[PDB]
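Step one of this worksheet: look at the structure below.
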Amino acid sequence: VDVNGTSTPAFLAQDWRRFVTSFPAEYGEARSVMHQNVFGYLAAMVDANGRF
Amino acid sequence: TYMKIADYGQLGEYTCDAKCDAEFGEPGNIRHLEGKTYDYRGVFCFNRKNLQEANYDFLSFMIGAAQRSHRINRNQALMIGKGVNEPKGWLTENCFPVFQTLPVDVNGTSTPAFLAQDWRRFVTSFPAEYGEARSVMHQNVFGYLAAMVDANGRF
Amino acid sequence: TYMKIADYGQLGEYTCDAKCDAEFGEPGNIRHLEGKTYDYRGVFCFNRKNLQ
Amino acid sequence: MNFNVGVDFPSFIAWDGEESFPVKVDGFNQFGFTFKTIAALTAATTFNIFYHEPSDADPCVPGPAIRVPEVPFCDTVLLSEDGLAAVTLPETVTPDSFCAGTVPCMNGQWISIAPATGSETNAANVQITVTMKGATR
Amino acid sequence: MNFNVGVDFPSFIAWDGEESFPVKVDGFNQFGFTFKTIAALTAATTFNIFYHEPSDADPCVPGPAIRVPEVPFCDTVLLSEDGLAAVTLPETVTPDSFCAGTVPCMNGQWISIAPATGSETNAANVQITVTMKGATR
Amino acid sequence: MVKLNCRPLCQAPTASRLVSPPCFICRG
């Protein structure tokens with residue numbers, strides 16, 4: 001994403017939803033594993049107005 | 001007259017074990033107090049011949065005219081009354097701790113304003129070990145809170 | 001006096017074939033500890049009449 | 001066994017013979033003057049009474065020196081011109097003999113005393129203090 | 001309504017800047033002090049209590065100036081090197097705050113206060129008076 | 001042994017600025 005014309009890497013909630021629903025439901029039910037800081041990272045995101 | 005325990009002292013200060021002594025701390029205060037009561041008086045006149053042959057009762061009207069004037073004046077004095085021969089009020093003696101709200105900008109200027117932050121911060125900043133506490137405000141001031149708007153336009 | 005496991009330590013890992021390097025590993029500690037207690041010791045005195 | 005009487009009716013200097021001194025009386029609800037002469041006087045000495053107001057700049061510093069309004073009572077029959085609190089130390093008042101008085105109606109925040117015009121020279125040999133009483137503060 | 005609080009608890013000047021004064025506590029049976037300043041202080045400031053005896057020439061005139069031995073209470077940790085009474089106004093006392101104190105064992109006929117030597121500059125800024133409690137006659 | 005006992009006469013008026021959080025601004 002282009003932070004004032006710099007293109008830093010990023011990972012925002014829109015990525016997580018699009019990643020987990022893309023799993024082809026014909027393989028079965030799948031569980032996701034991750035480090036607890038990442039889940040903390042998701043839970044603290046903010047939209048431009050300031051809300052959570 | 002009445003007493004007012006000002007402050008306790010401090011006595012039990014930690015010390016090392018192997019010594020057969022102690023240390024005299026300092027004692028507190030009691031601060032005996034007093035206070036008076038003030039009087040409210042006045043007079044008026046009628047005219048024997050005027051009041052008698054009059055359109056209707058004027059006397060009883062003056063009676064109610066005194067009890068209310070006494071009623072409203074007392075409450076008004078109880079709030080803002082200057083000490084001299086009037087109960088010292090809680091408004092003007094400036095013994096209550098009083099806050100104040102810092103202004104906001106407009107078009108480069110700086111005007112004093114009263115935002116919604118303040119009233120939520122003010123009421124929630126009151127020592128929780130004094131018990132509950134009601135608040136007081138004039139009807140128009142509450143009418144200021146009700147009609148508050150954010151940037152977009154919603155209430 | 002109480003006891004405190006400082007750490008556990010590793011135990012030689014996953015050798016498919018004998019190279020004979022991590023035999024005994026390294027274990028942890030137990031770290032005996034102690035601790036005392038303290039006391040206030042104050043006094044005060046009134047004479048007899050200024051109290052009566 | 002003498003109680004500490006400083007607290008519970010302290011006292012302050014009102015007229016030290018050279019210059020007046022305003023003594024705060026707001027926190028206390030009663031007060032009075034205790035006159036005391038240091039030498040032999042010449043002629044009857046009178047003193048003018050003044051009350052002050054909190055300055056608009058600092059609310060517990062002296063303001064101007066307004067003049068206390070004299071108020072009569074039941075059998076007052078010799079009120080002076082227009083009414084102003086002015087006590088008069090009579091003659092034949094030797095030392096080691098204190099006289100005392102006060103003003104009935106308090107007003108303002110504190111009082112000051114000053115020698116009336118015509119008695120300032122005699123007043124250089126007198127002392128006036130006040131002892132407040134009790135109140136809440 | 002303020003009572004005439006001068007016909008009891010009558011005060012007198014004790015240290016008006018630069019002059020001490022004997023104040024008779026013969027009749028009265030209890031008395032204290034009221035220390036009040038008029039300006040800021042610089043360092044600490046002490047004061048020396050004294051007492052006097054009726055002179056032989058006249059039983060109603062001051063004699064010499066003898067000090068007062070400080071009698072300790074319980075729970076005393078320090079006694080002045082000579083054991084004579086002494087009161088000190090602590091540093092950082094703002095000149096709108098009265099202090100109170102008294103000696104716990106009267107002796108003599110009247111009292112006197114004076115600045116302890118080497119501490120007579122700040123002494124000017126202090127004003128000390130003495131109130132009373134009883135009559136006995 | 002004198003037990004000095006001291007009170008203040010006039011209480012100085014107080015005034016505390018009731019500062020509050022500023023508006024949300026991103027770090028970047």
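We name chains A, B, ... following the order of the structure tokens; residues begin at 1 in each chain, and ligands are numbered from 1 as shown.
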Worksheet entry | Surrounding residues of stretch 21-31 of chain B excluding itself and chain neighbours under 5 positions, 9 Å, only C-alpha atoms, as a list in words |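 Within the cut-off, the hits are residues 3, 4, 5, 6, 7, 8, 9, 10, 11, 12, 13 and 15 of chain B; 40, 41, 42, 43, 44 and 45 of chain C; 7 and 8 of chain D; 75 and 76 of chain E.
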Find the residues of chain E that sit at most 8 Å from chain D; for each, write down the nearest two atoms and how far apart they are in Å, to one decimal. Count only C-alpha atoms. Sort by chain, then by number going up, and give it as CSV.
```
residue,atom,partner,partner_atom,distance
E:1,CA,D:104,CA,6.6
E:2,CA,D:30,CA,4.4
E:3,CA,D:30,CA,6.4
E:4,CA,D:102,CA,5.8
E:5,CA,D:32,CA,5.1
E:6,CA,D:100,CA,4.9
E:7,CA,D:100,CA,6.0
E:9,CA,D:131,CA,7.2
E:10,CA,D:34,CA,5.7
E:11,CA,D:34,CA,6.4
E:12,CA,D:129,CA,6.6
E:13,CA,D:13,CA,7.0
E:16,CA,D:16,CA,6.8
E:29,CA,D:2,CA,7.2
E:30,CA,D:2,CA,4.8
E:31,CA,D:5,CA,6.1
E:32,CA,D:5,CA,5.0
E:33,CA,D:6,CA,5.2
E:34,CA,D:6,CA,5.3
E:36,CA,D:12,CA,7.4
E:99,CA,D:6,CA,7.5
E:100,CA,D:6,CA,4.5
E:101,CA,D:6,CA,6.1
E:102,CA,D:4,CA,5.8
E:104,CA,D:2,CA,6.2
E:105,CA,D:1,CA,6.6
E:106,CA,D:2,CA,7.8
E:127,CA,D:13,CA,7.4
E:128,CA,D:12,CA,7.6
E:129,CA,D:12,CA,6.4
E:130,CA,D:11,CA,7.1
E:131,CA,D:11,CA,6.5
E:132,CA,D:5,CA,7.5
E:133,CA,D:5,CA,7.4
```
Worksheet item: Do you have the atom CA of residue D:116-atom CA of residue D:82 distance handy?
Response: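 Computing it gives 16.2 Å between the two atoms.
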Discussion item. Using only C-alpha atoms, I'd like every residue of chain D that has an atom within 6 Å of chain B; please write them out as JSON, numbers by chain.
Written reply: {"D": [107, 134, 135, 136]}
Could you save those same residues with C-alpha atoms as a CSV table (one decimal), in the first residue's frame?
```csv
chain,number,residue,atom,x,y,z
D,107,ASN,CA,-19.5,44.2,57.2
D,134,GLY,CA,-14.1,30.5,67.0
D,135,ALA,CA,-15.7,30.4,63.6
D,136,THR,CA,-15.7,27.9,60.7
```
Discussion item. What does the structure give for the distance between atom CA of residue E:37 and atom CA of residue F:5, in Å to one decimal?
Written reply: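 Rounded to one decimal, the two atoms are 14.4 Å apart.
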Find the residues of chain B in contact range of chain A, meaning any atom within 12 Å when counting only C-alpha atoms, and list them as a PDB file with C-alpha atoms, in the first residue's frame.
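Heads up, here's the output in selection-v8.pdb:
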```
ATOM      1  CA  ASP B 150     -20.648  15.678  14.822  1.00  0.00           C
ATOM      2  CA  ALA B 151     -18.774  16.446  11.602  1.00  0.00           C
ATOM      3  CA  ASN B 152     -21.143  14.699   9.193  1.00  0.00           C
TER       4      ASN B 152
END
```
Within 10 Å of chain D, which residues of chain F show up? Give each one with its shortest atom-to-atom distance in Å (one decimal) and the two atoms involved, counting only C-alpha atoms, rows by chain then rising residue number, as a Markdown table.
```
| residue | atom | partner | partner_atom | distance |
| --- | --- | --- | --- | --- |
| F:2 | CA | D:4 | CA | 9.5 |
| F:3 | CA | D:4 | CA | 8.6 |
| F:4 | CA | D:6 | CA | 9.3 |
| F:5 | CA | D:7 | CA | 7.3 |
| F:6 | CA | D:7 | CA | 8.3 |
| F:7 | CA | D:7 | CA | 9.0 |
| F:8 | CA | D:137 | CA | 9.6 |
| F:9 | CA | D:27 | CA | 7.4 |
| F:10 | CA | D:60 | CA | 6.1 |
| F:11 | CA | D:60 | CA | 8.2 |
| F:12 | CA | D:60 | CA | 7.8 |
| F:13 | CA | D:59 | CA | 8.2 |
```
Discussion item. I need the residues in stretch 6-115 of chain E that are strand (DSSP E) according to DSSP; give them as an MDAnalysis selection string.
Written reply: chainID E and resid 12:16 23:24 33:37 45:52 66:67 86:89 97:101 110:114
Discussion item. If we count only C-alpha atoms and set the cut-off at 9 Å, which residues sit around residue E:69, ignoring sequence neighbours fewer than 3 positions away in its own chain? Please answer as a PyMOL selection string.
Written reply: chain E and resi 82-85
Same residues, C-alpha atoms, output as a PDB file, in the first residue's frame:
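Ended up saving to again-v2.pdb:
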```pdb
ATOM      1  CA  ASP E  82      20.938  25.255  78.218  1.00  0.00           C
ATOM      2  CA  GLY E  83      17.478  23.857  78.929  1.00  0.00           C
ATOM      3  CA  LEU E  84      15.854  27.270  78.498  1.00  0.00           C
ATOM      4  CA  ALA E  85      12.609  27.655  76.571  1.00  0.00           C
TER       5      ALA E  85
END
```
Could you list, with a cut-off of 9 Å and counting only C-alpha atoms, the residues of chain F near chain A, each shown with its nearest atom pair and the distance in Å rounded to one decimal, rows sorted by chain and ascending number, as a Markdown table?
```
| residue | atom | partner | partner_atom | distance |
| --- | --- | --- | --- | --- |
| F:24 | CA | A:50 | CA | 6.1 |
| F:25 | CA | A:50 | CA | 7.9 |
| F:26 | CA | A:48 | CA | 8.0 |
| F:28 | CA | A:3 | CA | 7.7 |
```
File of the preceding selection, N, CA and C atoms, as a short mmCIF file (atom, residue, chain, number, x, y, z; two decimals), in the first residue's frame:
```
data_model
loop_
_atom_site.label_atom_id
_atom_site.label_comp_id
_atom_site.auth_asym_id
_atom_site.auth_seq_id
_atom_site.Cartn_x
_atom_site.Cartn_y
_atom_site.Cartn_z
N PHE F 24 -8.36 11.99 17.07
CA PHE F 24 -7.57 10.86 16.60
C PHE F 24 -6.81 11.23 15.33
N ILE F 25 -5.50 11.06 15.36
CA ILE F 25 -4.65 11.29 14.20
C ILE F 25 -3.74 10.08 14.03
N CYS F 26 -3.70 9.55 12.81
CA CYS F 26 -2.92 8.36 12.52
C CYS F 26 -1.43 8.63 12.71
N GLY F 28 1.43 8.26 10.89
CA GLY F 28 1.98 8.05 9.57
C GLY F 28 1.44 9.01 8.53
#
```
Discussion item. Just to confirm, what's the straight-line distance from atom CA of residue F:21 to atom CA of residue B:132 in Å (one decimal)?
Written reply: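 One can read the atom CA of residue F:21 to atom CA of residue B:132 distance as 25.1 Å.
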Fill in: Contact set, chain C to chain D: 12 Å, only C-alpha atoms, as a ChimeraX atom specification
/C:47-50
Those selected residues, please, written with C-alpha atoms and delivered as a CSV table (one decimal), in the first residue's frame.
```csv
chain,number,residue,atom,x,y,z
C,47,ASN,CA,0.2,12.3,81.1
C,48,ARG,CA,-2.9,11.8,83.3
C,49,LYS,CA,-5.1,14.9,83.4
C,50,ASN,CA,-4.9,16.3,79.9
```
Discussion item. Taking 5 positions as the minimum chain separation for residues in the same chain, which residues sit within 12 Å of residue B:144 when counting only C-alpha atoms? Answer as a ChimeraX atom specification.
Written reply: /B:113-116,119,137-139,149
Counting only C-alpha atoms, give me one row per residue of chain B with an atom at most 10 Å from an atom of chain F, showing the shortest contact pair and its distance in Å to one decimal, sorted by chain then residue number, as JSON lines.
```
{"residue": "B:29", "atom": "CA", "partner": "F:5", "partner_atom": "CA", "distance": 9.4}
{"residue": "B:93", "atom": "CA", "partner": "F:13", "partner_atom": "CA", "distance": 9.2}
{"residue": "B:94", "atom": "CA", "partner": "F:13", "partner_atom": "CA", "distance": 6.3}
{"residue": "B:95", "atom": "CA", "partner": "F:13", "partner_atom": "CA", "distance": 7.5}
{"residue": "B:96", "atom": "CA", "partner": "F:14", "partner_atom": "CA", "distance": 8.7}
{"residue": "B:97", "atom": "CA", "partner": "F:14", "partner_atom": "CA", "distance": 6.3}
{"residue": "B:98", "atom": "CA", "partner": "F:15", "partner_atom": "CA", "distance": 5.6}
{"residue": "B:99", "atom": "CA", "partner": "F:16", "partner_atom": "CA", "distance": 4.7}
{"residue": "B:100", "atom": "CA", "partner": "F:17", "partner_atom": "CA", "distance": 5.2}
{"residue": "B:101", "atom": "CA", "partner": "F:18", "partner_atom": "CA", "distance": 5.5}
{"residue": "B:102", "atom": "CA", "partner": "F:17", "partner_atom": "CA", "distance": 6.7}
{"residue": "B:117", "atom": "CA", "partner": "F:20", "partner_atom": "CA", "distance": 6.8}
{"residue": "B:118", "atom": "CA", "partner": "F:20", "partner_atom": "CA", "distance": 7.2}
{"residue": "B:120", "atom": "CA", "partner": "F:20", "partner_atom": "CA", "distance": 9.9}
{"residue": "B:121", "atom": "CA", "partner": "F:20", "partner_atom": "CA", "distance": 7.3}
{"residue": "B:122", "atom": "CA", "partner": "F:18", "partner_atom": "CA", "distance": 7.7}
{"residue": "B:125", "atom": "CA", "partner": "F:18", "partner_atom": "CA", "distance": 9.8}
```
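Counting only C-alpha atoms, stretch 11-13 of chain A has the following residues at most 12 Å away, ignoring those fewer than 2 positions along the same chain: residues 1, 8, 9, 15, 16, 17, 18, 19, 20, 38, 39, 40, 41, 42, 43, 44, 45, 46, 47 and 52 of chain A.
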